[PDB]
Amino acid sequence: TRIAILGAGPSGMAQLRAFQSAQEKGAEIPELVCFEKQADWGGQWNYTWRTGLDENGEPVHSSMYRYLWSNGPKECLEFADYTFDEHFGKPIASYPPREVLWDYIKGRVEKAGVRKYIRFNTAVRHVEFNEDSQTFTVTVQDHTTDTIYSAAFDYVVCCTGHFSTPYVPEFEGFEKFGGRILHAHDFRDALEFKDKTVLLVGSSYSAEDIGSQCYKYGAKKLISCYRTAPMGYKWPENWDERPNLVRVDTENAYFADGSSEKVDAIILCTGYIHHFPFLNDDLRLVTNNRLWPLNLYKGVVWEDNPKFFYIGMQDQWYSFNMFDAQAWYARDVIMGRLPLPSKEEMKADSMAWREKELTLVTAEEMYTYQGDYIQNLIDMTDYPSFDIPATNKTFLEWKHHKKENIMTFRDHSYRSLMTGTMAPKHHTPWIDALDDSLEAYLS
């Protein structure tokens, strides 16, 4: 019996780690093959200067940029089976830069010895399910050998992420505008916008952080514009929030204010779409970005074909943590440890979760909900229980530190829920920490 794992970001890495853990405790595991289009693992966390399409012509995956740091508390994404203490050997602050968390997630799978299951530089083209043999044919392109080939699997776990294919709306006059227009997905070095005026269309995490990054590295002026409601924070002197963009000139932007501004560049921070070009409608998840997509029993088993799974397709307050709980659950169903109920029962269960999701009003209610979801998963499994209510509270602190001051939220510290140890303050306040390297953060 044979499993295909699509992708080697945190989620695929988690899926390999789950099986390896079960084998380490003496269980007999299926054969595993994992396909990844990049040359190395880490998903989003593997930085690249590339843009649009990669060296092989596949859409560039990572949306990450220079100077990116964790945007939530480290301790809200710690692995229950592999702690920050184990990995780094010393305590570190709470909002590590990209390279540091990349080093961290690699460390777990390095220790586990699961690299050997991965075929890198290989893009998944198609997954078909055969009624007759009751198996999946996965067709891939190996860009090392420039060969296209297919292989047969009994179950498939899709871990290809949903923050990679941009949602890019059009505004009137974009075809006339003289400056750069880009989506957040293409943002790389904040220095390219030094001494320039940047319009940021959108009001979520990308808007906040890309603006923050441009501010930090010396842009002249920043303008956020919002669709429904204002971001709400106290922005520095050279950053305004305006109602939505309506049109654009050779050099100006016009808003629902009636106001006007000369603008050098426009960065669309409008989010992403769930896009699976390697799947037909029988297997293909269709959803907007939300806490409870439909058709996923326990949020991971595909209801129209329960031998196909999805990891991490929910919107994210929790992350690494959650993928783990998902991957452990996926594995125990694949291994026959947790038999699936009937299709009617699955659908009724998923309806209950959707009813509750539509109930949610406040940030607190939302991550508490994801908290409840994760709790339900970890209770069914091998995976070590940890203090979820206490993680929720850590989120609550985090939200407060953002309300207090949006530029200084990364200068606070929190208690690890795995080890119990309060994180130290970092050696340099965020505003002044211009060097984003692992090197400089750990020294």
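Numbering starts at 1 and runs along the sequence shown.
Practice item. Check the entry's C-alpha temperature factors for 63 to 71 and 403 to 411, then say which stretch has the higher mean. Key: Per the deposited B-factors, the answer is 403 to 411.
Point to revise | Residue stretch of maximal mean CA temperature factor, 10 to 18 vs 421 to 429 | key: The entry gives the higher C-alpha B-factor average to 421 to 429.
Check your understanding: Of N244, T165, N121, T160, which one's C-alpha B factor is largest in the deposited record?
Key -> Out of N244, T165, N121, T160, the record gives the largest C-alpha B-factor to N244.
Review point. Looking at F255, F276, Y155, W328, which has the highest Cα B-factor in the entry?
Key: So the option with the highest C-alpha B-factor is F255.
**Study point:** Cα B factor band for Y369 (lowest, middle or highest third within the chain)
**Key:** Ranked within chain, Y369 CA B lands in the middle tercile.
Point to revise | Third of the chain, ranked by Cα B-factor, where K116 sits | key: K116: CA B-factor falls in the lowest third of its chain.
Review point. Which third, lowest, middle or highest, does the CA B-factor of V33 fall in along this chain?
Key: Lowest third of the chain for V33's C-alpha B-factor.
Review point. In terms of the chain's CA B-factor thirds, is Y383 lowest, middle or highest?
Key: Middle third - that is where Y383 ends up once the chain's C-alpha B-factors are sorted.
Exercise for review: Using the B-factor values recorded in the entry, state whether the Cα atom of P91 falls in the lowest, middle or highest third among the modelled residues of its chain.
Suggested key: Answer is highest: the recorded C-alpha B-factor places it there.
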